[PDB]
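Values below: all heavy atoms of this structure, side chains included; hydrogens, waters and symmetry mates excluded. Proteins get letters first, then strands, A, B, ... in listed order; numbering begins at 1 in each.
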Amino acid sequence: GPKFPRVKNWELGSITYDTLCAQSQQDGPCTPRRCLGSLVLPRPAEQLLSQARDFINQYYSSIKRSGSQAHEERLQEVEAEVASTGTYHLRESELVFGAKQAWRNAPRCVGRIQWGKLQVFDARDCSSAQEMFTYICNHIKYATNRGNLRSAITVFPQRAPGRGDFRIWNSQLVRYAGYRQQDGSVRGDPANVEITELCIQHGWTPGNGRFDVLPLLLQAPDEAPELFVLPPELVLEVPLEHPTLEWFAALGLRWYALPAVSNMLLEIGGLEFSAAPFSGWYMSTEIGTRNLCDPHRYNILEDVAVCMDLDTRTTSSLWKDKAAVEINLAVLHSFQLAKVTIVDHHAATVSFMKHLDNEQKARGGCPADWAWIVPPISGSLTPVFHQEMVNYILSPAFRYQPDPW
Amino acid sequence: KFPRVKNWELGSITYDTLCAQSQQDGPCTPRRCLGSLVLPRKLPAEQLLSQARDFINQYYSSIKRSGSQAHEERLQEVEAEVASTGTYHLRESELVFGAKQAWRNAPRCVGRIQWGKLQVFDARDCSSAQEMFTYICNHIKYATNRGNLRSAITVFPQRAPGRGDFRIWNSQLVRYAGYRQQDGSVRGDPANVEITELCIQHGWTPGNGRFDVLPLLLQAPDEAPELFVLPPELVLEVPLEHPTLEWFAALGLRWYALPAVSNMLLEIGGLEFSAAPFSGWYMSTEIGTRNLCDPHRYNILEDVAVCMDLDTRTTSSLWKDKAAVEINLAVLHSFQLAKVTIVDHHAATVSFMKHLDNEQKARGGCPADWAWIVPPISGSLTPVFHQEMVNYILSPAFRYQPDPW
Ligand code: HEM
Ligand code: HEM
Ligand SMILES: N=C(Nc1ccc(CCNCc2cccc(NC(=N)c3cccs3)c2)cc1)c1cccs1
Ligand SMILES: N=C(Nc1ccc(CCNCc2cccc(NC(=N)c3cccs3)c2)cc1)c1cccs1
Ligand SMILES: C[C@H](O)[C@H](O)[C@H]1CNc2nc(N)[nH]c(=O)c2N1
Ligand SMILES: C[C@H](O)[C@H](O)[C@H]1CNc2nc(N)[nH]c(=O)c2N1
Ligand SMILES: [Zn+2]
């Protein structure tokens, strides 16, 4: 057969060959001696220029003018810019294309059926932390759209030789505080203990609840970060109730509506956008299984299981699994009632299967990280469990970047 | 560079230095990770000789006698035999140690905390399919033990350059028939349709239910396989019921007690054992989730859901999740009622965590395949989901081999 990875689906018995993987330049963490697929994060004029040429070529293909005079004029303008300034700048439509392409390229994202629908706010004129805040508020208002969520990214100025970076210090735009107690336990979200304490060092007055929304810490070039409080009314939340277990509402659980990732770097054509927050909508398992049930997060499984009167003394009762299911249903049910967009892990995975097919035909493959794409409950009940996947890095890309502090 | 392996739940870090001992490439390269692939892509005396020396070294080192006269002389024996004949033979105690190590080294196996407790039956004096059967029946009887299951392996004669392999054509010693319909659908276990047809074609009189136990097709070298019906009394089965849903029993479901894999090749010291069936006990999700709920297996989710009166018309009621849970619960209950060994996925993954830790101290690492270790429901509910793992090939090993027809 073909000299490209053979990819098999064991539910349906179908085979494809990924040819797109040939376009990867960036090495991942695996070698023939050993596989590092399950690690979460394993560890220049002509270099820029060659990434930029590639990216310009990708742009020109996407609008089908590849080889054209407009294409070769653009290449020359990019090399002239780099020639004299060490960097270059994207046209507005190049930024839009490349922000969508970074999403399309993200191997860990099961939401990619939607990749073509992204509102790109171009905030590359922003020159202060105060203005970042206005741009972020606008982003939140647009994206939240009273519950009918709309995917969006706001792109602040690119990294620039010897000026400091734009950075949003928080990992998401909405995060609940995590307060380290005297006994060493945590009130609120343990994932956010460090950002929480950073907010306090920078002058935030802390509350003492389990669902306290954090302020944002925004950093403009060569300045100390500054602290901004989201107006409450911009932060849509859904209190959690269960469709038949009446007591579930009494637990006083809630989640925010808008997942908006704020600490990743968007790389396009070798240019680096260090502040570039993006939002879509939640898959229900992110809230109901990971955020509420991870032992190192809210850790609520036992409390729910006790309310359900389950046998928590023995694993073989499947207490954990029954409680998790009900917690997931409550999340789906509560978001539905509140009219806030959300997708269940069955509907999400089916649509990702459809994405896979569309990409097979459009590009000859799709990079995907099976461990992240298969949901954290009910794995083999989703079609993605049964689908082999090839993981590789393409650019444009969203990448992790070191914390600013 | 050796891998750093982080547990995200506990924040603890180890380094895997055992991967340095891998002399066998897996499917990945720096350009693309193929970890999620089920089968490998690719499926002289000097070479046999170093695998042999190496394996002989592992053995002497294991009984604490490295360097001893017994050690040097055994190396001479192996060497003289290879140089003269192109092959060699193992001593019983070497074979026992080798088989245990192959199990130890199996990256896909969550049950490895048991790796030291393996009954090894030497069947290398076997010369006919009729004798293979007698050995297999003994194995089943030993391993079943009236429900108090005991791990075992029976090793038939090695591959020899001159000749055909000893082979068990069935994939397990117990398999339910799968009868294809003229309208392409399947009765019984769709996984077993080819072997079912092979059996009829070699003269088996078929049945027509959903749980008909297959005869074995056993093949001595360079001969047609022969059919052998297992005495019903050797095949312990468990009827499935639910502790509280009275109607579940009416589904008429059952499963066999004894999982015994019979188509993998066992490789020790460069020698290859094409027939080496091995058995332990089930982890409940293997029956409950995969075998009964996979869409391409018995596929009973819908029937169970209808019985539970769930809303089947929309994914977001989590009907599938709810039914799967009750099904896994029925398996555990029914195995416990029949006094038949089984382990749930919570206890199993907890034991494997302990195994990882034992191996870290004993060997500096543990090859493991994350996609296969994390169970097919309630993944993030088990500690293994949160554990990084490094997959690689050590020998002695259990490998796949081609189907013999
Ligand atoms: C439209 C609805 C969307 C859904 C339901 C969705 C769903 C998801 C989910 C469940 C994850 C895994 C999250 C985790 O375990 O922490 C994810 C990862 C990701 N998605 Fe999406 N996605 C959506 C839209 C977006 C958009 C709009 C972007 C960017 C423009 C995006 C980029 C990402 C990236 C970069 C990751 C990986 C993050 C990392 O590696 O840590 N997705 N997606
Ligand atoms: C004692 C209880 C044992 C348990 C509960 C157990 C559990 C399992 C499970 C659940 C799997 C995954 C199977 C699948 O999804 O199809 C597996 C794979 C495996 N285990 Fe075990 N194991 C046990 C003992 C053994 C023994 C005795 C051997 C060999 C001597 C063994 C060798 C294997 C091998 C080779 C695989 C990989 C099969 C493949 O790659 O297709 N295990 N183990
Ligand atoms: N915790 C660490 N790292 C870490 C890295 C990655 C992640 C996962 C980030 N996931 C958040 C996320 C990302 C992308 C999408 C979602 N969910 C969504 N539905 C969307 C968000 C935005 C658009 S859709 C959530 C968590 C911790 C550390 C390492 C060393 C010190 S701390
Ligand atoms: N069918 C193929 N491949 C294939 C690969 C893997 C599997 C899954 C094998 N798993 C069965 C199994 C293995 C190991 C353990 C268990 N379960 C157990 N608890 C134990 C069995 C023995 C001791 S413990 C089940 C099925 C088909 C092909 C061969 C050639 C071309 S396609
Ligand atoms: C070790 C392992 O990679 C880690 O726990 C992963 C597994 N899969 C995941 N999948 C998603 N979607 N999100 C995650 O945080 C993780 N965690
Ligand atoms: C594509 C994917 O690798 C395939 O469905 C795997 C996933 N994990 C598995 N895990 C186990 N334990 N057994 C399996 O058969 C599989 N199948
Ligand atoms: Zn890999």
Side-chain angles (χ1 to χ4, degrees), chain A residues 1-10 12 14-32 35-37 42 50-67 71 94 96-118 266-270 349 351-374 383-384 386-399, chain B residues 26-41 371:
Chain A
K3 217 58 276 331
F4 300 96
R6 184 193 220 241
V7 182
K8 183 163 172 185
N9 182 301
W10 292 88
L12 305 161
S14 53
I15 294 303
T16 60
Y17 291 86
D18 180 313
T19 56
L20 180 58
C21 60
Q23 294 329 274
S24 173
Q25 321 246 208
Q26 194 143 115
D27 288 355
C30 304
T31 65
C35 180
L36 265 24
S50 82
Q51 296 161 286
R53 286 196 211 95
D54 180 71
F55 164 76
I56 293 303
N57 296 345
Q58 283 191 50
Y59 176 71
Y60 276 88
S61 288
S62 73
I63 75 175
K64 309 288 149 44
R65 291 302 172 277
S66 163
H71 182 188
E94 301 170 344
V96 171
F97 163 71
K100 294 181 174 164
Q101 202 78 350
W103 184 8
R104 195 199 188 168
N105 289 346
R108 286 162 174 186
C109 179
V110 69
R112 289 182 274 163
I113 187 78
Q114 288 291 152
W115 71 270
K117 202 161 189 275
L118 181 60
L266 168 66
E267 177 271 325
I268 298 160
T349 52
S351 76
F352 183 67
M353 298 303 297
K354 168 60 160 183
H355 176 72
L356 285 178
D357 194 55
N358 295 345
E359 293 289 81
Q360 187 67 33
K361 291 176 283 142
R363 283 207 298 181
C366 177
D369 187 334
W370 186 97
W372 279 64
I373 295 293
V374 173
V384 293
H386 312 282
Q387 172 66 61
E388 298 173 344
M389 292 173 200
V390 188
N391 191 186
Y392 44 97
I393 295 160
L394 300 165
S395 173
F398 291 106
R399 293 198 287 191
Chain B
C28 313
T29 57
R31 144 165 291 96
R32 82 289 172 290
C33 164
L34 272 28
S36 77
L37 289 279
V38 176
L39 312 175
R41 222 325 208 186

- Message: Are the side chains of A:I268 and A:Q58 in contact, using a 4.5 Å heavy-atom criterion?
- Response: no
- Item | Test item: A:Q51 and A:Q25 side chains (from C-beta on) under 4.5 Å apart, heavy atoms | no
- Query: With distance as the sole test, does A:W370 use its side chain to make a donor-acceptor pair with the main-chain N or O of A:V384 at under 3.5 Å?
  - Reply: yes
- Query: Between the main-chain N or O of A:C21 and the side-chain N or O of B:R31, is there a donor-acceptor pair closer than 3.5 Å?
  - Reply: yes
- Query: Would you find more than 12 non-hydrogen atoms of other residues, nucleotides or ligands less than 6.0 Å from A:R65 atom CZ?
  - Reply: no
- Query: Going by heavy atoms in the side chains, are A:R363 and A:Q23 under 4.5 Å from each other?
  - Reply: no
- Message: Whether the side chain of A:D54 engages the backbone of A:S50 through a donor-acceptor N/O pair (distance < 3.5 Å, no angle test) should be reported.
- Response: no
- Smallest heavy-atom separation, B:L34 atom then B:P27 atom, equals CD2-O, 3.4 Å
- Message: Using a 3.5 Å distance criterion without hydrogens, assess whether the side chain of A:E94 forms a donor-acceptor pair with backbone atoms of A:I56.
- Response: no
- Item | Check: A:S24 side chain, A:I393 main-chain N or O, donor-acceptor pair, under 3.5 Å | yes
- Considering only heavy atoms from C-beta outward, does the side chain of A:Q387 approach that of A:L356 to under 4.5 Å? yes
- Item | Minimal non-hydrogen separation, A:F55 against A:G269, with atom names | CB-CA, 3.4 Å
- Query: Between the side chains of A:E267 and A:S395, does any donor sit under 3.5 Å from an acceptor?
  - Reply: yes
- ring-ring contact (aromatic ring centres under 6.0 Å, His included) partners of A:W372, counting only residues at least two apart: none
- Message: Determine whether a donor-acceptor pair (N or O, by modelled atom type, separation under 3.5 Å) exists between the side chain of B:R41 and the backbone of A:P5.
- Response: no
- Hey, what's the ring geometry for A:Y59 with A:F97, parallel, tilted or perpendicular (30° and 60° as the breaks)? perpendicular
- Item | Side-chain touch A:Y392/A:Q26, heavy atoms, less than 4.5 angstrom | no
- Scan A:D369, A:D18, A:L20 and name whichever one has a side-chain contact (heavy atoms from CB on, under 4.5 Å) with A:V390. A:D18
- Message: For A:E388 versus A:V7, what's the shortest heavy-atom pair and its separation?
- Response: O-CG1, 3.2 Å
